[PDB]
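# Structural overview for review
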Amino acid sequence: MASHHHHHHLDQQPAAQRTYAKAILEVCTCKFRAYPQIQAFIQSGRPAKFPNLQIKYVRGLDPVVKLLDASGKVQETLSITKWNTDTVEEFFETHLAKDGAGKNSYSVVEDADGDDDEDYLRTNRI
């Protein structure tokens, strides 16, 4: 009814914890003095395992957790300069989805017509 849906119950409806698709941790890494624990986990490698988590090193702002959709909206922006930390790391691993190096990236022939993938010259001689 909003865009184009004939008959599909009504809405997607949350399955469990309404996991998110994207989320970025825009930090400056300059708070190493104040929040030496924050980046600490970042240096650990735990967030690196989270595909749904970016972990950007913004120009020079304050550490803030961001949960986006895809375009860049930003569903939840919370300052982690003291708020809770630590558990925050879990915030992502939990609210995010461990696709496991998946991500909808290039795979097979995409929408194309004609030539879009060369490969030597098969002479073929049965």
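Residues numbered from 1 in each chain as written, not as in the entry; some residues may be left out. Heavy atoms only, no water.

- Method information in the entry identifies solution NMR as the source of the structure.

## Concerning the UniProt feature "domain: Selenoprotein F/M" (unreviewed entry) in the chain
- Under the local residue numbering, the UniProt record ascribes the feature "domain: Selenoprotein F/M" (unreviewed entry) to residues 22-96.
- Helix makes up 21% of residues 22-96 and strand makes up 15%, while its end C-alpha atoms are separated by 7 Å. (UniProt positions renumbered as here; feature names shortened; annotations may be inferred. Helix = DSSP H or I, 4+ residues; strand = E, 2+ residues; numbered from the N terminus.)

## Notes on the state of the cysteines
- Under the definition given, this model contains one disulfide.
- The disulfide partner of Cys-28 is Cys-30, and the gap between their sulfur atoms is 2.0 Å. Between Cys-28 and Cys-30, the disulfide has an S-S torsion of 135 degrees and is therefore right-handed.
- Using a relative accessible area of 51% as the deciding quantity, one classes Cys-30 as exposed. (Disulfide = S-S within 2.5 Å. Buried < 20%, exposed > 50% of the residue type's maximum accessible area, 1.4 Å probe, protein only.)

## With respect to a negative patch on the surface
- A grouping of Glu-110, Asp-111, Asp-113, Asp-115, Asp-116, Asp-117, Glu-118 and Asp-119 is seen on the molecular surface, where their side chains present a negatively charged patch.
- With respect to the helices and strands, the residue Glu-110 is situated in the segment after α2 (87-95).
- Among the residues examined, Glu-110 registers a relative accessible area of 60% and is labelled exposed. (Patch = residues over 30% accessible without salt bridge, like charges linked within 9 Å, V, L, I, M, F, W, Y side chains within 5 Å. Areas by Shrake-Rupley, 256 points an atom, 1.4 Å probe, with all protein chains shown as cover. Salt bridge = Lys/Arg side-chain N within 4 Å of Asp/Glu carboxyl O. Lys, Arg positive; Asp, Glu negative; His and termini not counted. Charge placed at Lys NZ, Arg CZ, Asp CG, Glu CD.)

## Some thoughts on the side chain of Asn-52
- Mapped onto the secondary structure, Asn-52 falls in the loop between α1 (38-44) and β2 (64-67).
- Of note is the side chain of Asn-52, whose polar atom sits 2.7 Å from the backbone oxygen of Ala-21.
- Discounting residues that sit within four places of it in the chain, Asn-52 has contacts with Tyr-20, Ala-21, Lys-22, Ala-23, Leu-96, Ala-97 and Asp-99. (Polar contact = N/O pair within 3.5 Å; in protein donor to acceptor, adjacent residues only side chain to side chain. Contact = heavy atoms within 4.5 Å.)

## Description of the pattern of salt bridges
- Under the definition given, this model contains one salt bridge.
- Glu-26 is the salt-bridge partner of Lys-66, the closest N and O atoms lying 4.0 Å from each other. One end of the pair, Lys-66, is in strand β2; the other, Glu-26, is in strand β1 (residues 24-26), and 40 residues separate them in sequence.

## Notes on the sheet that holds strand β3 (residues 76-79)
- Read from one edge to the other, the open sheet built from three strands follows the order β1-β2-β3, with strand pairing classed as antiparallel. The open sheet has two edge strands with one neighbour each: β1 and β3. Direction aside, the axes of adjacent strands within the sheet are offset by 20 degrees on average.
- Bridge count for β1 against β2 is three bridges, and the pairing is antiparallel. Within β2, the position partnered with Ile-24 by the bridge is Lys-66.
- Here α2 sits on the sheet in contact with β1, β2 and β3, set at roughly 10 degrees to β2. (Pairing = 2+ DSSP bridges. Axes fitted to C-alpha atoms, helices over the stretch in contact; angles between N-to-C directions.)

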